[PDB]
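Below is one structure; the comments refer to it alone.
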Amino acid sequence: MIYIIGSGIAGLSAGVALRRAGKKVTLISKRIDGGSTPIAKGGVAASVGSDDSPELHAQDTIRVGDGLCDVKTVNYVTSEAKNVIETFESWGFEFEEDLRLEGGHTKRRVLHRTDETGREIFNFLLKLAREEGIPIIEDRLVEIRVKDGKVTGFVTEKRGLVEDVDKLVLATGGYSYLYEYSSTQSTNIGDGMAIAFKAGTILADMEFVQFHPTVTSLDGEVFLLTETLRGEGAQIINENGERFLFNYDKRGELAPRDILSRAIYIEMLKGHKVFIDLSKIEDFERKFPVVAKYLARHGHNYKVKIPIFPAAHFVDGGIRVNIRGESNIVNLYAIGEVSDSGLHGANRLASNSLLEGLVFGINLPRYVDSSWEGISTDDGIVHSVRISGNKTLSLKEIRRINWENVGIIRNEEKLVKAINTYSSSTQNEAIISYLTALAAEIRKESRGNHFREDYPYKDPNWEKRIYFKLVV
Ligand SMILES: Cc1cc2nc3c(=O)[nH]c(=O)nc-3n(C[C@H](O)[C@H](O)[C@H](O)COP(=O)(O)OP(=O)(O)OC[C@H]3O[C@@H](n4cnc5c(N)ncnc54)[C@H](O)[C@@H]3O)c2cc1C
Ligand SMILES: [Cl-]
């Protein structure tokens, strides 16, 4: 029996694919509709345009990757995109013909289906899993059993010890919810990632957490405000109405995502409240139908300033894996956001994440019947860490500490505070937060979404990963 933990695009597509490959599969997820997949409102990258190509897509990916992208993985994912999309469509899913554009991409290559592509993909995959007879169980993974560096079983909250496992596919997503300001659901605390770590699984790139510059949460509904708004005339000001951005970068509202994130971050740290003003955008309703709808249902006049905030959005790292999704632990796969295939390097390229999940999931059957290859750490430095203690922190405290001391702008003093706070804890949320801070402190430079005011430049000597391994 093959077990898949997580019911997002990664876990679901793998489940359907494995089932079709004749495998007996069981899906287990703490919240069937949890994770980031259901609420993704953008699209899936694929160089299928007449003016595009896998190589160009690869070049764009490598660029934002800022030197940390695993070139082999990038080439594999971009070269697979077309046939994976085609396979997915043969299953009965149809993307729209119009390819959208996203910042960072040289050509239009983003596939969409309605204004809620993630939701559509989710429901579709869930419908197929049901028709394939795949059991979908709502339970929570809490432990993984390993012998001689191989998976033998695992434990769930509700059913306890599971001993009949030939393969365990972890598709539990990232830990962006471990930040006071997050764009995802509360399920994303990275416990799946921590549990794997406790079973001897190797983690990497924990310090490369990606933040989104302009997010809002009217009535509690999170909504990413596209950078295209600023391109059409959107303004950003504090509670006083001044366009502070100009004081950090001359490009103002037109500066890179990370730039605004840093400017906004500092401003808020002073206690200022930030807003975005869309009243000067011409033909707003025609240009931004989805934004208009979001604002309409919350009874917020798009002519009035909107409270915004930067937020933890996507984590580049996690369980290191090769192109197949194999971690260092035999029979333990990691796919989707919980894994670190090296596709994203120091900064994920928009739309490459749903693509990543779909590729590793749909392509998984191609490798399940082969001998295990595993991973190589020759592209980085392995750090062995021992977790021991009984200090316990609330989720709210952890999220505030990460936001302030392991956030958009970092430095040694703050990182050390975070390190010392989590040092004596064995809580999953604490461990993940600990490794992120530890790695951020070790990486004495600024690269991709990792920015240190005390080391503002990129160190060519750091063009390598920071791997973590648990020891007694
Ligand atoms: C608001 C938002 C919009 C986004 N939009 C896009 C986009 O437009 N295009 C793009 O490419 N990327 C986008 N991203 C990322 C993207 O949506 C992908 O879904 C994501 O990167 C990962 O998908 P996944 O299957 O790996 O995990 P998820 O979809 O996050 O999977 C998490 C699953 O694992 C389960 N789980 C977690 N822990 C446990 C546990 N311990 N036991 C059992 N189950 C567990 C969860 O309940 C959930 O079902 C967006 C992210 C956000 C937050
Ligand atoms: Cl995206």
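Residues are named by chain letter and number: chains run A, B, ... in the order of the structure tokens, numbers start at 1 in each chain, and ligands are numbered from 1 in the order shown.
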
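Restricting the atom set to only C-alpha atoms and all ligand atoms, one finds that the residues within 10 Å of ligand 2 amount to residues 40, 41, 42, 43, 44, 45, 102, 103, 110, 212, 224, 226, 313, 314, 348, 349, 350, 351, 352, 353, 354 and 355 of chain A.
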
Close residues to ligand 1 using only C-alpha atoms and all ligand atoms, limit 7 Å, as a ChimeraX atom specification: /A:5-11,28-45,118,139-142,171-174,183-184,187-188,190-192,223-224,313-314,335-338,350-355,357

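With distances taken over only C-alpha atoms, A:167 is the one residue among A:257, A:280, A:167, A:158 lying closest to residue A:26.
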
So that I can see what lies close to residue A:310, please list as an MDAnalysis selection string the residues with an atom at most 10 Å from it, counting only C-alpha atoms and leaving out residues fewer than 5 positions away in the same chain. chainID A and resid 181:183 211:216 224 257:258 260:265 268 274 408

Quick one: residues within 10 Å of residue A:234, only C-alpha atoms counted, chain neighbours fewer than 2 positions away excluded, as a VMD selection string? chain A and resid 227 to 232 236 253 to 254 276 to 281

Selection: 7 Å around residue A:463, only C-alpha atoms, excl. self and same-chain fewer than 2 positions, as a list in words: residues 67, 68, 460 and 461 of chain A

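Nearest residue to residue A:447 among A:416, A:401, A:64, A:162 is A:64, counting only C-alpha atoms.
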
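Interatomic distance, atom CA of residue A:201 against atom CA of residue A:472: 13.8 Å.
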
Which of stretch 302-420 of chain A fall in strand (DSSP E), as a ChimeraX atom specification: /A:306-307,309-315,318-320,332-334,339-340,380-385

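For the pair atom CA of residue A:14 and atom CA of residue A:81, the separation is 15.4 Å.
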
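When only C-alpha atoms are used to compute distances to residue A:202, the closest of the residues A:424, A:240, A:371, A:339 turns out to be A:339.
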
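If you measure from each of A:22, A:206, A:219, A:121 to residue A:133 using only C-alpha atoms, the closest one turns out to be A:22.
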
Distance query residue A:411 at most 6 Å, only C-alpha atoms, self and fewer than 6 positions along chain excluded, as a PyMOL selection string: chain A and resi 452-454

Residues near residue A:168, anyone? I mean within 8 Å using only C-alpha atoms, not counting same-chain ones fewer than 3 positions away, as a count of residues only. 9

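Counting only C-alpha atoms, the residue from A:46, A:209, A:18, A:144 that sits nearest to residue A:156 is A:144.
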
One decimal place gives the atom CA of residue A:380-atom CA of residue A:340 separation as 13.1 Å

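Here the question is which of A:235, A:73, A:341, A:390 gets nearest to residue A:318 using only C-alpha atoms, and that residue is A:341.
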
Where in stretch 385-447 of chain A does DSSP assign alpha helix (DSSP H), given as an MDAnalysis selection string? chainID A and resid 395:405 412:422 428:442

With stretch 83-100 of chain A as the partner and 12 Å as the cut-off, tabulate the residues of stretch 117-153 of chain A that qualify, each row holding the nearest pair of atoms and their distance in Å to one decimal, using only C-alpha atoms, sorted by chain and rising number, as JSON lines.
```
{"residue": "A:117", "atom": "CA", "partner": "A:95", "partner_atom": "CA", "distance": 8.8}
{"residue": "A:118", "atom": "CA", "partner": "A:95", "partner_atom": "CA", "distance": 11.6}
{"residue": "A:120", "atom": "CA", "partner": "A:93", "partner_atom": "CA", "distance": 9.1}
{"residue": "A:121", "atom": "CA", "partner": "A:93", "partner_atom": "CA", "distance": 8.0}
{"residue": "A:122", "atom": "CA", "partner": "A:93", "partner_atom": "CA", "distance": 11.0}
{"residue": "A:123", "atom": "CA", "partner": "A:93", "partner_atom": "CA", "distance": 10.7}
{"residue": "A:124", "atom": "CA", "partner": "A:93", "partner_atom": "CA", "distance": 7.3}
{"residue": "A:125", "atom": "CA", "partner": "A:93", "partner_atom": "CA", "distance": 9.1}
{"residue": "A:127", "atom": "CA", "partner": "A:92", "partner_atom": "CA", "distance": 10.7}
{"residue": "A:128", "atom": "CA", "partner": "A:91", "partner_atom": "CA", "distance": 8.4}
{"residue": "A:129", "atom": "CA", "partner": "A:91", "partner_atom": "CA", "distance": 11.4}
{"residue": "A:131", "atom": "CA", "partner": "A:91", "partner_atom": "CA", "distance": 11.8}
{"residue": "A:132", "atom": "CA", "partner": "A:91", "partner_atom": "CA", "distance": 11.8}
```
